[PDB]
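Residue numbers (our numbering): 1 to 49. Just so it is clear, CB atoms sit at the ideal spot from N, CA and C, and this is done for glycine as well. The structure appears below as structure tokens.
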């Protein structure tokens with residue numbers, strides 16, 4: 001029961017994290033890949049994150 005309660009709390013935290021990461025991933029897919037590896041890093045880590 002304790003493990004299940006911990007899993008449920010983890011799942012709510014996971015849902016918030018998942019929505020944020022999913023938005024970041026969609027932004028990365030559509031656009032990133034057309035650029036060079038040095039620039040590709042700057043698009044998400046320097047501006048989006």
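Alpha carbon to alpha carbon, how far is residue i from residue j?
i: residue 5; j: residue 13; result: 13 Å
i: residue 135; j: residue 30; result: It is not possible to answer for residue 135, since the shown part of the chain is limited to 1 through 49.
i: residue 37; j: residue 1; result: 47 Å
So which of the options has the shortest CA-CA distance to residue i?
i: residue 49; options: 37, 28 and 16; result: 28
>> Count Cβ pairs between the segment 23-30 and the segment 40-48 that sit closer than 8 Å; are there 3 or more?
In response: yes
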